[PDB]
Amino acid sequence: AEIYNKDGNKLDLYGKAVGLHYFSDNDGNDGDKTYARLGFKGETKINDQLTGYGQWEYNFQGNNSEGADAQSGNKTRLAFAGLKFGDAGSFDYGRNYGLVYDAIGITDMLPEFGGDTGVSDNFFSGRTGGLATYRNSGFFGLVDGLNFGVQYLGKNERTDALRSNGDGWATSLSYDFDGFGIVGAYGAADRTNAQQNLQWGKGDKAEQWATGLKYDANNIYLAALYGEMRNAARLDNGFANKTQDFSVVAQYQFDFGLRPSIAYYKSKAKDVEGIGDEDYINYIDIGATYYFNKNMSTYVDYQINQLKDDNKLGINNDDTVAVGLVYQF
């Protein structure tokens, strides 16, 4: 919500309260999953060719006790400041989205699941700390519909090596016309010494790229995505040496509020030390959201797992149904 708008500064205070329950035979995917979000987004007119901005956003879990587990799963998601230069681009620095998510985002539209290859603290695939990002939308006022980005990532040496990284760079590009769109992105970075002493994954470089296509118009959404990761997909005991990742989704928006969705996700891991080849994501998803208005909604999401019992990286293979009730402002 815009709660301040005066003398060239605007300030949005936004958030949501999400009542949420999972039903599944798995232990870790069953029970209460309620949570809340809070953030600000501000914008200030400096002159005719320059505008400054900033944003912060946090996750408050609603399924902890008020005792020793109170802080579990709570965290800042975004935190950055930047400058917008008229037609000539934007630059911002802080905790933000990696450029490979410009591609991975196109199938990340399910009511509760989806988006499985874009994760936090994972080089360029999701939200990461220490990113410097330049974007130019509409290509300096001449080739509109054509968007481009370039990004630098500074080293983060963390106690948890699966959430660490060394220096890297990324780039992305997308074009839209008449409801059709296409996008691609590539990034690469150094791995840290601690990442190279883990049980899975060998190599000096982490690389991620993905590419995709969509039609998004006339109440219709379709998109398909393919990509690959080297020494970069995060697994339970380290990183996969290489992966092949694919997803696809189809949705329609009825005028009276309902929006059904069907999707399929499959990813295969390759040359895991002592294990070989094996699927690490594989499921069909069917669900729907009902929008009462722009502030209230409800949903059901049904994840139909198609991994098997002899899964050889030990990944769980049960189903889940999710039921959600959302108030947002």
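So that there is no doubt, residue numbering starts at 1 and follows the sequence shown.
Comparing 114-122 with 217-225, the higher mean C-alpha B-factor in the PDB entry belongs to 217-225.
Across the two stretches, 305-313 and 16-24, the PDB entry reports the greater mean Cα temperature factor for 305-313.
Within the listed group 34, 295, 49, 64, the record reports its top CA B-factor for 49. The residue among 74, 196, 164, 133 whose C-alpha carries the highest B-factor in the deposited model is 196. Ranked within its chain, residue 56 lands in the lowest third, by CA B factor from the PDB record. Ranked within its chain, residue 285 lands in the middle third, by CA B factor from the PDB record. Among the modelled residues of its chain, residue 263 has a C-alpha B-factor that falls in the middle third, as given in the PDB entry.
The entry lists a Cα temperature factor for residue 253 that places it in the highest third of the chain's modelled residues.
Ranked by C-alpha B-factor against the other modelled residues of its chain, residue 97 falls in the lowest third.
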